[PDB]
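**Q** so I've got this experimental structure, pasted below with the sequence.
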Amino acid sequence: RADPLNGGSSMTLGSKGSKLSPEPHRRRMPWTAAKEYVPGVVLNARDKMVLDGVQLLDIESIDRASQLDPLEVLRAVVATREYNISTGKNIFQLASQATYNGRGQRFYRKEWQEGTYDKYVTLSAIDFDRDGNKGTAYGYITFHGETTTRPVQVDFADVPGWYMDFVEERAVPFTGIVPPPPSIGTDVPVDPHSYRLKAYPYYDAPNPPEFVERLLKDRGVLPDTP
Amino acid sequence: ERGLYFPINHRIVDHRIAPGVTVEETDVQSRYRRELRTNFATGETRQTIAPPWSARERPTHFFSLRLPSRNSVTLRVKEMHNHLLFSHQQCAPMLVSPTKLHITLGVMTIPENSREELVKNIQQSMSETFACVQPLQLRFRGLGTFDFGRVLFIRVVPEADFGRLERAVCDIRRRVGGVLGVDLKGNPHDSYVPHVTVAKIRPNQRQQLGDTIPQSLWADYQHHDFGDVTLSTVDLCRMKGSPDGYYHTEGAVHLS
Amino acid sequence: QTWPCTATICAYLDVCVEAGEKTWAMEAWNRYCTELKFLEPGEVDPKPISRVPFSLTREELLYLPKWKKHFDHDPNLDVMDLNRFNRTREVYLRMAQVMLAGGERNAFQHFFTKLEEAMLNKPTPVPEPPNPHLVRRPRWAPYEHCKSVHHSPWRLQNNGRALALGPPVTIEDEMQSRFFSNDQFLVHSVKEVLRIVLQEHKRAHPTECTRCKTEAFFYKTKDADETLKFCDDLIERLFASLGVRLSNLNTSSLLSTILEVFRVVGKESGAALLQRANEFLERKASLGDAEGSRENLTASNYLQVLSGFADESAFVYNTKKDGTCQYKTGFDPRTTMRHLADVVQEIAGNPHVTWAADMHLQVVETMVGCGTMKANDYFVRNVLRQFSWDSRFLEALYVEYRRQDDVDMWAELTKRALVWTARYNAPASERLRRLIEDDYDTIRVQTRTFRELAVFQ
Amino acid sequence: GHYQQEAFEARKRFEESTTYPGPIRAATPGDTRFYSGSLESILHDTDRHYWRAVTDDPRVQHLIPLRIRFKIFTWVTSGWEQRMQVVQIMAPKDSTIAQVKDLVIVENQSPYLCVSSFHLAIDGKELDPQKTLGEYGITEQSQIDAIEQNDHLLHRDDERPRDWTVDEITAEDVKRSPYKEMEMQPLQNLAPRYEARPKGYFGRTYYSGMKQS
Amino acid sequence: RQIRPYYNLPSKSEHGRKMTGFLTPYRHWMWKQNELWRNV
Amino acid sequence: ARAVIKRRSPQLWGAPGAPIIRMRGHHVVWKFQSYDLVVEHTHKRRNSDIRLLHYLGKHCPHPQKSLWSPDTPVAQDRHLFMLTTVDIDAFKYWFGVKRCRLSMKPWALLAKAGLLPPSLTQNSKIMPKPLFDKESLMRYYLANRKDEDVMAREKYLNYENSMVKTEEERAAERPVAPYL
Amino acid sequence: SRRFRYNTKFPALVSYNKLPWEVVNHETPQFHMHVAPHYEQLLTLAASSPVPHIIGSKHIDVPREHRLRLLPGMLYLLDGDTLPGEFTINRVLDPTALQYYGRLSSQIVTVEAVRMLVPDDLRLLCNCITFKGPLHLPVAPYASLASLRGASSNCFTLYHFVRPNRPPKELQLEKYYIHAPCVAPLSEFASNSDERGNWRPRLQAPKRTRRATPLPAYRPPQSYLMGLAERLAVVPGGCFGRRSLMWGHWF
Amino acid sequence: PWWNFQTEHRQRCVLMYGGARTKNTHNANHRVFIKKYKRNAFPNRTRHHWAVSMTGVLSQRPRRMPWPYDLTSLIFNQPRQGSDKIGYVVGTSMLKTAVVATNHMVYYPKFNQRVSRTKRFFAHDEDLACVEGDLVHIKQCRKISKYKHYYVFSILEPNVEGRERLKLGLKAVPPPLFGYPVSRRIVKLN
Amino acid sequence: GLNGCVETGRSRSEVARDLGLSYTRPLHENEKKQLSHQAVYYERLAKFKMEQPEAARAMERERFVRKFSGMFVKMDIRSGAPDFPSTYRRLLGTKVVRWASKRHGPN
RNA sequence: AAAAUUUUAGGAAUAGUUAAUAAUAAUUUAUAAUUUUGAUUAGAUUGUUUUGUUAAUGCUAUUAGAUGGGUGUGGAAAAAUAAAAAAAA
Ligand SMILES: [Mg+2]
Ligand SMILES: [Mg+2]
Ligand SMILES: [Mg+2]
Ligand SMILES: [Mg+2]
């Protein structure tokens, strides 16, 4: 309605899209808003075969007869740790290791740095709930050298897809306040050697040749013999 | 369970509230049938309304049908006073003395300089208008309110010689306000509503009495019948309350 | 056979003027508005509604044929009562405008003289309250549930409760024309006539009045002098007629129109406009006998001053000689930028002048034309975040980018500008996109969508 | 906006007319209670249920329909919600703000509103109970809020009512107040059955003016 | 329908659907091409 | 939004949906079967008449010999005929103004008639679907692109108003002497 | 979706489907979330052109009686640090709250301190923000803040009074979005500046013999993707832009 | 094809040229009445059903169909049928409510002739003018109460005798002597 | 004041209202005491909710909570049927036991 | 929201009930409402472009499909097998 695909063109139902608009199509259901989501099933799904031949205990099993060799406990802890990183690393698993809970560092998800997609998140602050690996994480989004004005809750902070890179320059103490990084058009004068724009509003990438080969070898232009 | 699931009197949409508001943002609650309560129930009456410039100045003189001695009206209004005062004696300053009862045919502002020219000229025109009209038998039943419930009066029913009144009045209306320009609080092309004013709240009184006559007093007399009266006498009166004990009378005409 | 009311006549005369067809307005006049009067002391001011509205006595109801009892709402019945507010002076004004537009002096002189005389010597008619049907009575709403101004973290979203973007286009800040006094309406009428002079000039020479499409833009047209003479005589006729009374009414709209006429038809540099406006204002403060305390030039006037500067420095872009740009003969960027700077100093000094997008646009354009290479910094500090823009900004800005030293800066600045377009809800226009396309061999910047290109081939 | 000053100015010029005869009430109809449609629609007093092409003389409005906003705690199944309820009076033009309080108290039909003392306020500023609507420039369009005693305590867990989802409701308070009326223990027809909105309706963050993610 | 190929990202779950629509970059590129044609 | 979905005949969105031009006929022996071009809603009820906006025509899918015209030695005319009745005022109304949808078979028909281009589903399996790369398309576009105003005016004439007034009919419509 | 005309469905008294009324709690970080981006805009205004009540000489004094019909909504700036009388002092040290003042402290005056002041009777609030040092904006001479010693003794404070638990409307910040130009970049060409002769124009684009360096060759992304962001109606980053332009999303 | 004989039929699926495509509903079925009750005891007080009952409305012989053309449509142009009615006021026992008896028309096409039937309505008179035995004009309107869709638009003929009768304190009209008929014999003497 | 307005649609009681005339039949004691009982509802109410807020709040509790209990919570063609037993006669014996007859009024 | 059209050979009373008030009243106010111009119960019956016969005002057919509420979702309850409606590449 507000923002259609290709204007209204109705010649096929599929011509519209998989959602008619970014905005929620019924007003009584707001969560239908178009987001950028993530494959939660695969990315949670932690490997239970890592916990094979381990002998974990539970939290409330404190019993004397119940617990085990300190060696067994240690390999249990290591097995559990390997079980939690077994997919990728969650933000809160990355942040506890960095100085100042990683305030100021730039957290990029894997798919944000590949292709013409370029995006990351500067961390403004963090609330660890009693359980680590969960929590709330706030920050500034930086997309193609253009930054947010105010901080925002980082979405899918709990899903283990995250990488970052520790720099001492970016570290901020809990006393001070994390500054928003400069949007490259406005605050900092645009420089080519410092930063080059991957992709811009009307651009898109050239055809990678292996895809072309494959599609022609599909549609049956280029032959493929058994 | 004892009636309609949604009583029909309760189905109300307020269009003086913006669209979409009542669906999402908030709901608006009001007792909506105080406003919808009609002109018959409240007892209001729509008098000819003044243009603002005329609305500014006090009225000075008025036309009146003088009630004769030995009226059904005067008697029954006295009975009504008795009843009202026995119920609530806070009415006492509101009420008009039975001595001053008269029918008000129209109201007018005369400036004090041109005073004699206007009274002579009016008196004459009045005498010409009413030359042919024989006496008028009119019927009084029912009460009504002017000026937001501040003025409480007895209605003149259009069931009788009233018709004649309407032509008669509308003639002086077209002479006094049409011919020689005089301030009639309304348009001369509009007819005045004749009435017998019973209770009234003046500006000075309003502080101790309140801003409107509570309808609880006269509710029961609202439709009460005061009876029939024949009227031979038309006056043009200036309003002075101490000269003769009756409104000071600047002119007179006899219907015969 | 619907008899047009006064309002309807107004509308149709607006269409006539804009069309410039006198022969329509003449027949319309002759047929309908002839007997239209003005309001005098003996007139009664807004006439009461006199219509009965239609009923049937029981004998009318029973004994009449079917059609005599048929009431469809028929415009003709209340025409008298639509006219009860006396909008006549508007009709006379419009008619003056038409007779001028169709190039006839005697008739115009007639209508304008009638109008002038009546405005001076007759009472101001009572204005009609806003029509319920044309414009709707505002209905009550709480403004509580609303997207906050900062709702989107990337920009300033304008909101139903308040406007944070700022005015895109300067508004004159005058009430609807009917609410004016008679003297005020006289003034308004002159500014109206001038506006029509301007419009007629632009219909006769569309090439010269369009900014920078041709070098013809930089030079007075012949017939401009007779025109400006007409305007001079007109304004001095207004000062001749109205006396000290002029001290008490708003001359703002009149001034801005005067300035735009001496900017467009006669072509005067920004300094000449500011001078002219100041001399005019001195004249207005002097005719009224007082201590001065001159009103400053209001925002619209300054808009005309600045657009004057932008007219001053303007370039015809991309000659077929592959020559860069042509400029107004006898152009000094130093002087121009000097005056522009201290003029913006003046404006920003005065607290009662509200800025808009267009004012900034004139400034920016003057910066580009001057070869300042500060155009960017001004745009980004004062405009980008806090206003809603045209793509005209990015057009002249592009011309600025194009002139930098190395190529990479050009490219990167342009790409960044497009990113601006996507961030801030500027739908970058076709003119701009073509400007970028032209250099594609040099900058390699793709401007078109994939889909757009495909479909195109 | 523009309407308000256009019509204000129009009225004000209409009043300064030296010559006007006054309107003819046979030419100035009232409104009808009788028109097609089932619903009864209340309109502006300048507007009619029929088609009137002609613009009528501006009148001063002797009954101003004020709107006064309250905060209610609405029970929805998940827990409490804080939302808004308007009370609409018709307050005579020259009335005193004390009298506006009184008219507002009489007109509310909800048991959960007027329990304690409330103060009228506009954009957070209290109004004098002493002076007129005229002085404060109160019109229909003006936004009037209402502030209760305990409302500045609502940021705590005490004054704010306790939902049986997270809180003990005891035989102490089963017999008292909205809890008692509500009938927490489910019946066969399910008691008064309140509106329900689920927990994941707004996502993990509740409703806001500003987009938080 | 929305075509779900076999080389889409397999979801290992016993509580729900076996295959999540998530595309190999190849599939994305392909889809883009076909859809360009129908845009025409 | 039905609790237990009607499983066999699902659709998109609520019913009744946007009107769609369909071909439908009662099923019978193939020798007698005809079809109806019908503008109707998206969700049909038991009898197709309940939601039926307009009736566009009859289409008979049987090649016929033309016995109406005289037997003609011209080669092409003696191919068999296929008969269809189109209501094109209603079609242009519904499709154009009301913005309909289209099933594929009616699309093929109206393509044959010259009202629409051939559909998306009509495939010569000889040719493949084309490839695309943006730089080549860009070279072709820079090679040929018309003037802005020419293009704007073409869009004006096609989409907005067509019939325009030459200076002549102006001059012929403007009032003469007594009111001029 | 559009908002529907009127509610005839459910009784008004009961009010049924109603978006909750948002209320700003001063005890949480959320308060500052609302208030902060306004403050910055406000200060920006104060740096360009004058606004009347922004600058007070001294602390405002009112009686107990007129306390709540005068104060609420009031926002004024003072030179020194003095905390309003009869106000309990709360230090804001919690980092989540401090966080929202980031943009205001980096690109405008550095924030030295934040204070939540609550009246003893508990029904009034004062948000007190102490800035250190000079503005990182340029300050105009005729501008309001030019009358202040703390800018252009280097500390100065902003004071904002408000009622607790109210909608983020009646804290009145939206009147301030008047926008005035910073005249710093043109100060160079005014007749007042002596650096205006060091200026030289570029009228004509310079002859160029080299094209822009070509972007690095495109690597197609290797991981799984959620499909066309076009068809999923996701704006180009999930950030900003229109869904019609798919730029900068993977392919 | 309904015009072809029993023996002339070839295909049952289509009309070859034109005409009406007709389904034959079988009119002669010899439908019968089942008798489930004794002639002595039939479970209804007022009426007894011993045979096949004719059904439908407008399918009912002899056909009785709505006649738009009568006095009411003769005088009025009605936006909707029954939007105007002229009638007499019968009784006012209800405040602001006038009951009105009105005539409308039925046409029997078999005999080619019209009958007048009559029907009562509740009309809303605010302000209570209508006296029993007034000739009134009545219009369709907003739903007012459960049974009132009509309001009194105009009094055509007031009742002058009735009004003067009221003014004297007497009822507008004398109350009818006998009520509804009965199947009993009431012996009430002196 | 005996005629209605054709173009306006307003009844005769309306144009009588506007001309400031009153036609009303003489009333018996029935209609007088009904009307005089009804006129005063709002004064009685104002006095009640001023002087006695707790009793009021009790009654209101009952009404407000009633609105959530009961047969129909929302107004639809089914619920907002002015004559329920009439438009659904097919429910009267079996499903709906409230009414024993399909017609309580003229129609 | 209404107006018209409404069946039984031998015919009597019907009832959470009318109208005013109002977001009232399991006990508000009233000389209430439906019916012999055929009611309400009760039988039969799927209602106002469809057939057959016939020269013809007639006689004689027309299926089928809307069966209350009880956390009330949804734009609209039409929501618990029984398609022959292509249902977001
Ligand atoms: Mg839509
Ligand atoms: Mg009914
Ligand atoms: Mg039954
Ligand atoms: Mg059930």
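**A** Perfect, thanks for sending it. Residues are numbered from 1 along each chain as shown, chains lettered A, B, ... in the order given. Ligands and ions are numbered 1, 2, ... in the order given.

**Q** so residue C:30 sits in a helix?
**A** Yes - the assignment for residue C:30 by DSSP: H, G, I helix; E, B strand; the rest coil puts it in a helix.

**Q** got the phi/psi numbers for residue G:77?
**A** Per-residue torsions, residue G:77: phi -110, psi 140 (degrees, to the nearest 10).

**Q** identify the residues contacting the residue in the stretch 201-350 of chain C that ligand 2 sits nearest to.
**A** As assessed by Cβ to the ion, ligand 2 sits closest to residue C:253 within the stretch 201-350 of chain C, at 62.6 Å. C-betas here are computed from N, CA, C, even on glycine. By Cβ atoms under 8 Å, 6 or more residues apart in numbering or on different chains, residue C:253 lies in contact with C:172, C:174, C:188, C:191, C:300.

**Q** now for the helix or strand containing the last one, which elements pack on it?
**A** With the criterion set as DSSP states H and E, the secondary-structure element containing residue C:300 is helix C:299-312. Using 3 or more Cβ pairs under 8 Å, 6 or more residues apart in numbering or on different chains; DSSP states H and E as the contact criterion, the elements in contact with helix C:299-312 are helix C:252-264, helix C:270-287, helix C:333-349, helix C:357-370.

**Q** circling back: list only buried entries from the contacts of residue C:253.
**A** Buried members of the contacts of residue C:253, scored by 16 or more other Cβ atoms under 10 Å in any protein chain shown, are C:188, C:191, C:300.

**Q** the first one should be in a helix, yeah?
**A** Yes - looking at residue C:188 with three-state DSSP, it is inside a helix.

**Q** so how far is residue I:8 from the residue in chain H that chain C sits nearest to?
**A** Proximity to chain C, evaluated over chain H using Cβ to the nearest Cβ, is greatest for residue H:156 at 4.9 Å. Going from residue H:156 to residue I:8 by Cβ to Cβ, to the nearest Å gives 19 Å.

**Q** before we move on, what about residue B:70?
**A** 45 Å.

**Q** for residue 141, what are its contacts?
**A** No chain specified, so I'll use chain A. A:119, A:120, A:121, A:147, A:148, A:152, C:153, G:237, G:239 are the contacts of residue A:141 under Cβ under 8 Å, 6+ apart.

**Q** nope, chain C
**A** By Cβ under 8 Å, 6+ apart, the neighbours of residue C:141 are B:17, B:18, B:21, B:25.

**Q** and which of the residues you listed is nearest to residue A:94?
**A** Top of the list for closeness to residue A:94, among these and by Cβ to Cβ, is residue B:25 at 42.5 Å.

**Q** report the distance from the longest helix seen in chain A to the chain centre.
**A** Ranked by number of residues, the top helix in chain A under DSSP state H is helix A:70-84. Put simply, helix A:70-84 sits 27 Å off its chain's centre (Cα atoms, centre = their mean, to the nearest Å).

**Q** isn't residue I:57 up against residue D:110?
**A** No - in this structure, residue I:57 is not within contact of residue D:110 by Cβ atoms under 8 Å, at 9.4 Å.

**Q** contacts only, for the one residue in the stretch 51-200 of chain C that gets nearest to chain E.
**A** For the stretch 51-200 of chain C and chain E, the shortest gap (Cβ to the nearest Cβ) falls at residue C:154, measuring 25.7 Å. Residues near residue C:154 by Cβ under 8 Å, 6+ apart: A:148, A:149, C:423, G:239, G:240.

**Q** identify the farthest-apart pair in the residues you listed.
**A** A:149 and G:239 (12.5 Å).

**Q** and the one helix or strand residue D:119 maps to, what does it pack against?
**A** Using DSSP H and E, residue D:119 falls within strand D:118-122. For strand D:118-122, the packing partners by 3+ Cβ pairs under 8 Å, 6+ apart come out as helix D:97-107, strand D:144-148.

**Q** any chance of TSV for these, columns mean neighbour count and distance to residue B:168?
**A** Converted to TSV, these look like this (neighbours: other Cβ atoms under 10 Å in any protein chain shown; distance: least, Cβ to Cβ, whole Å):
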stretch	mean neighbour count	distance to residue B:168
helix D:97-107	19	44
strand D:144-148	21	52
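
**Q** which of those sits closest to residue H:144?
**A** For residue H:144, the closest of those is helix D:97-107, at 24.6 Å, according to Cβ to Cβ.

**Q** what's the angle between the closest one and strand D:144-148?
**A** Note on geometry: by axes from the mean of the first three to the mean of the last three Cα atoms, to 10 degrees, helix D:97-107 and strand D:144-148 are set 80 degrees apart in direction.

**Q** near RNA strand J at all, helix D:97-107?
**A** No - with Cβ under 7 Å from any atom of the strand as the criterion, RNA strand J is not reached by helix D:97-107; the gap is at least 8.4 Å.

**Q** please see if that helix touches chain I.
**A** Yes - shown here: helix D:97-107 in contact with chain I (Cβ under 8 Å from any Cβ of the partner chain) through D:102, D:105, D:106.

**Q** how about JSON lines for those, with distance to chain F added?
**A** Output for those, formatted as JSON lines (distance: Cβ to the nearest Cβ, whole Å):
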{"residue": "D:102", "distance to chain F": "48"}
{"residue": "D:105", "distance to chain F": "44"}
{"residue": "D:106", "distance to chain F": "44"}
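
**Q** for those residues, give me CSV that also has distance to residue C:180.
**A** Formatted as CSV, these follow (distance: Cβ to Cβ, whole Å):
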residue, distance to residue C:180
D:102, 44
D:105, 47
D:106, 46
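
**Q** closest to residue C:387 out of those?
**A** Nearest member of the residues of helix D:97-107 next to chain I to residue C:387, counting by Cβ to Cβ, is residue D:105, at 47.9 Å.

**Q** give me the neighbour count for the nearest residue to that closest one once chain neighbours are set aside.
**A** Nearest non-adjacent residue to residue D:105, counting by Cβ to Cβ, 6 or more residues apart in numbering or on different chains: residue D:114, 5.3 Å away. Residue D:114 has 22 neighbours, counted by other Cβ atoms under 10 Å in any protein chain shown.

**Q** surely residue D:114 meets residue D:102?
**A** No - Residue D:114 lies out of contact with residue D:102 (Cβ under 8 Å); the separation is 11.0 Å.

**Q** quick check: residues of chain A near chain C?
**A** A:6, A:141, A:144-146, A:148-150, A:152, A:184-186, A:190-193, A:196-197, A:200-204.

**Q** and residue A:138, which of the three is it?
**A** What three-state DSSP gives for residue A:138 is strand.

**Q** which residues does it bridge with?
**A** In this entry, residue A:138 is beta-bridged to residue A:125, residue A:153, by DSSP bridges.

**Q** measure it to residue B:33 for me?
**A** 53 Å.

**Q** more neighbours, these two?
**A** A direct count of neighbours by other Cβ under 10 Å for residue A:138 and residue B:33 places residue A:138 higher, at 25 against 14.

**Q** my guess is that one meets residue A:155, correct?
**A** No - using Cβ under 8 Å, residue A:138 is not in contact with residue A:155; the gap is 10.9 Å.

**Q** so which residue is dead centre in chain D?
**A** Nearest to the mean C-alpha position of chain D, counting by Cα atoms, centre = their mean, stands residue D:86 at 1.8 Å.

**Q** spatially nearest residue to it (excluding sequence neighbours)?
**A** Residue nearest to residue D:86 in three dimensions, not counting chain neighbours: residue B:28, with 4.3 Å by Cβ to Cβ, 6+ apart.

**Q** burial measure for that neighbour, as a count.
**A** 22.

**Q** need the contact list for it.
**A** By Cβ under 8 Å, 6+ apart, the residues touching residue B:28 are B:14, B:17, B:21, B:22, D:67, D:85, D:86, D:87, D:88, G:12.

**Q** which SS state does it fall under?
**A** Counting by three-state DSSP, the backbone at residue B:28 sits in strand.

**Q** quick revisit: name every strand pairing with the strand holding residue D:119 and say which way it goes.
**A** Strand D:118-122 is paired, per DSSP bridges, with strand D:125-126 (antiparallel), strand D:144-148 (antiparallel).
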